[PDB]
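Report on one structure; see the data block that follows.
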Amino acid sequence: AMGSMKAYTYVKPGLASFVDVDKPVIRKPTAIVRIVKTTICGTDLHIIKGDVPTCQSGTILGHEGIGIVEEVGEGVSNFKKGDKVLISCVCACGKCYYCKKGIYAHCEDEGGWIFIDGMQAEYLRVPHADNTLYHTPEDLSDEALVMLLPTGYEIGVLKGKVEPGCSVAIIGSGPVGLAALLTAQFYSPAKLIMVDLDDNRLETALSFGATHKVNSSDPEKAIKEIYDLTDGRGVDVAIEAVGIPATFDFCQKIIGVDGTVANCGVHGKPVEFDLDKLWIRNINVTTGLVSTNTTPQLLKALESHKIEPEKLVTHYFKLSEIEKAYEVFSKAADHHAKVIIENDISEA
Amino acid sequence: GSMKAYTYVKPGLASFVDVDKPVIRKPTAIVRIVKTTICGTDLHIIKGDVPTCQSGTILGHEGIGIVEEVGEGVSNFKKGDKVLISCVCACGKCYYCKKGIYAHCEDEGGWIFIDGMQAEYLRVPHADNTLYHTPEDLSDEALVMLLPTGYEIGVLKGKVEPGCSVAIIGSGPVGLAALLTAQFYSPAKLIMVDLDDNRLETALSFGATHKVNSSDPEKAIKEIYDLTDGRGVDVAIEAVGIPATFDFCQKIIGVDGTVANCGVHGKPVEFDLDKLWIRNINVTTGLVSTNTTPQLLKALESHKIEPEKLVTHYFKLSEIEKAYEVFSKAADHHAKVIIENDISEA
Ligand SMILES: [Zn+2]
Ligand SMILES: [Zn+2]
Ligand SMILES: [Zn+2]
Ligand SMILES: [Zn+2]
């Protein structure tokens, strides 16, 4: 039709559909972006399953991407038509109680993690464009820019207080765990211990710069092994990158005196916190939703080629083949699979 | 060569008995107790909750005294010094002492008060790191309270800062200590939460800005959201140590806030990560280290707060069973107690 675009929409628990929808338009004076490349997040799989029921039926999925500005409102000053830009997963009005703190995850004025229609479509309405878009450096690859990584860094690495010479364990060697692994190396920890059940993912973790792998198939033997690597003291940081009670439980068994369990993942159930044992251990437990306030610092730390996040990307698809992209991602272990999805539909 | 001491006998039993006077055992002090007090942990010990505590062990880990003898490796304290004794012993040389985390010292350290302070005399390991000289403008009542548990584990781990909103769950002694020292950082709201209105009136008189009665938890929760613009508190200090108080804290805590747990817990708790993974919160725990005691002594110069009002009743060492009587039924007596050594001679 006319004025329409293609988009991947959530329908109901167990059903998403590549369909025609209206092209978005400017609704407020603070942009419309043409998506160039996007990806899928584990949370998108959860939405389709029905485990994020605040996602209304018909919503366009996805909250990761780069694109090209097509139109801006009267109140947009630092971006114009034609600008190649990165879109953060979090919208920030820049003025409210939480934006003034840099906690864009909890912006109170059409803010936070809302990608409203998301990025698995041809065009995207971006609220608060001046605070949600970033000009992209020409030195970085598209695959690395779509990864902008801030989840692993802000929620796994910074809240965990990784520092040179400390001992880190990362629980869960899927995409968010690997992203935390890459950015934890900005702080040169002595030990980066990847813990997982799958040996293929652990082998990839060593490729990405983990110093040791521990297979959690025998939990007791893994706990022993981690205490053996830390001279009986346990780790200074345990990054929980899976989001189930078992991984949270593992983290609380290996954390040492003064250490931090940094939770990254969504949890769908409450967990049993062993305060009877840990009240005396001087430990911390942190949570958070990414804000992306560090995106400028990560851009700087990537143009220098400290780490190369483009190695998170393993499979390439066209937007019109987004159904296939979901099939590969949801069965990532079968394919040794992050995917990148390129807009093969839109014209300039 | 004997002294009197209050000892843990068996579960449900403690008694005022004659025991050996402690002697120097390591080159690193003997102290004559002047005044001591009772901790809530001493009641848990007598009940049998603290199982590592051997039978016959002298109770108590709080007090001030006069140095009686120092070993030949003690260099900064000498016979006749009037000194505060910290509840935590610190070797000063190990992995954790080098970090200032004295609660986990690896060399006869951490919280061990071995024989305790509810006696005439006390062997003090690592005297140079465990004793502090007493300044001149603080009463004995203020000194025995040295407060570091509320400050290190509640206020500092909770990240109290000027203008922030704080709730303290539990208006018992530790909660009150956290309420006094939180005022060093000038929070805009200090909300005391408890079941007892009398303890909430005392909290008000100690400088709390609001009282909230938690006898109906849901109304209490809604009340605290109304006080904080619907945002919840920046700091929730848990000073009771049961699952229901931890749960109350985790339900009132706001975005970016810290739930600071200082209370000993005996049971695991349900932690609502399904709700709180997205709220950007922190939960802290810890055993007091007393690395802030020097700074607390200095911050008491500003005289912004008066910790000696934590003491409500006075007893002599000889009648210490009477002191325990009053403290274990603290609500019935509107009751911290100060126990003074009437037995020893100077
Ligand atoms: Zn995501
Ligand atoms: Zn905002
Ligand atoms: Zn105590
Ligand atoms: Zn030590």
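Every residue, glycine among them, receives a Cβ derived from its backbone with ideal geometry; neighbour counts consider all protein chains shown. Laboratory data are not the source of any read-out in this text; all were calculated from the coordinates shown.
Residues considered: B:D42, B:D49, B:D115. Of these, the only one that is among the acidic types (D, E), within 14 Å of chain A (Cβ to nearest Cβ), more than 16 Å from ligand 4 (Cβ to nearest atom) and under 22 Å from B:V288 (Cβ atoms) is B:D49. Take the conditions within 16 Å of ligand 3 (Cβ to nearest atom), under 25 Å from B:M3 (Cβ atoms), surrounded by 19 or more Cβ atoms within 10 Å (Cβ to Cβ) and away from chain A (no Cβ under 14 Å) and apply them to B:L131. Does it pass? Against the criterion (within 16 Å of ligand 3 (Cβ to nearest atom), under 25 Å from B:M3 (Cβ atoms), surrounded by 19 or more Cβ atoms within 10 Å (Cβ to Cβ) and away from chain A (no Cβ under 14 Å)), B:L131 does not qualify.
State yes or no: is A:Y104 farther than 23 Å from A:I322 by Cβ and within 16 Å of ligand 1 (Cβ to nearest atom)? Against the criterion (farther than 23 Å from A:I322 by Cβ and within 16 Å of ligand 1 (Cβ to nearest atom)), A:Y104 qualifies.
Kindly provide the set of residues from region B:25-40 that are touching an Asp or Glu at 6+ places or on another chain (Cβ under 9 Å) and surrounded by 15 or more Cβ atoms within 10 Å (Cβ to Cβ), ordered by number.
Of everything in region B:25-40, those that are touching an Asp or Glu at 6+ places or on another chain (Cβ under 9 Å) and surrounded by 15 or more Cβ atoms within 10 Å (Cβ to Cβ) turn out to be B:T28, B:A29, B:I30, B:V31, B:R32, B:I33, B:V34, B:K35, B:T36, B:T37, B:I38, B:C39.
Evaluation of A:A92 against the conditions (1) surrounded by 22 or more Cβ atoms within 10 Å (Cβ to Cβ); (2) closer than 19 Å to A:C41 by Cα shows that the sole unmet condition is (2). In region A:195-238, the qualifying residues are those that are in contact with a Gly (Cβ under 8 Å, 6 or more places away or on another chain) and farther than 17 Å from A:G259 by Cβ, and the one that is surrounded by the most Cβ atoms within 10 Å (Cβ to Cβ) is A:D196. Residue count for region A:250-301 satisfying the condition of being among the β-branched types (V, I, T), facing chain B (nearest Cβ under 10 Å) and within 16 Å of ligand 2 (Cβ to nearest atom): 1. Checking each residue in region A:124-156 for being polar (S, T, N, Q) and either closer than 17 Å to A:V72 by Cβ or more than 16 Å from the chain's Cα centre (by Cα) (or both) picks out A:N131, A:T132, A:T136, A:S141. Here A:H212 clears all of (1) over 30 Å from A:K49 (Cβ atoms); (2) touching a helix residue (DSSP H, G or I) at 6+ places or on another chain (Cβ under 8 Å); (3) facing another protein chain (nearest Cβ under 10 Å) except the condition numbered (3). Restricting attention to region B:326-346 and to residues that are surrounded by 15 or more Cβ atoms within 10 Å (Cβ to Cβ) and part of a loop (DSSP other than H, G, I, E, B), the residue that is nearest to the chain's Cα centre (by Cα) turns out to be B:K336.
Taken over region B:151-197, the criterion of being in contact with a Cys (Cβ under 7 Å, 6 or more places away or on another chain), within 16 Å of ligand 3 (Cβ to nearest atom) and not hydrophobic (A, V, I, L, M, F, W, C) is satisfied by B:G154 alone.
Residue by residue, here is whether (1) under 21 Å from B:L59 (Cβ atoms); (2) within 16 Å of ligand 4 (Cβ to nearest atom) holds:
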residue: B:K78; (1), (2): no, no
residue: B:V88; (1), (2): yes, yes
residue: B:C91; (1), (2): no, yes
residue: B:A103; (1), (2): yes, yes
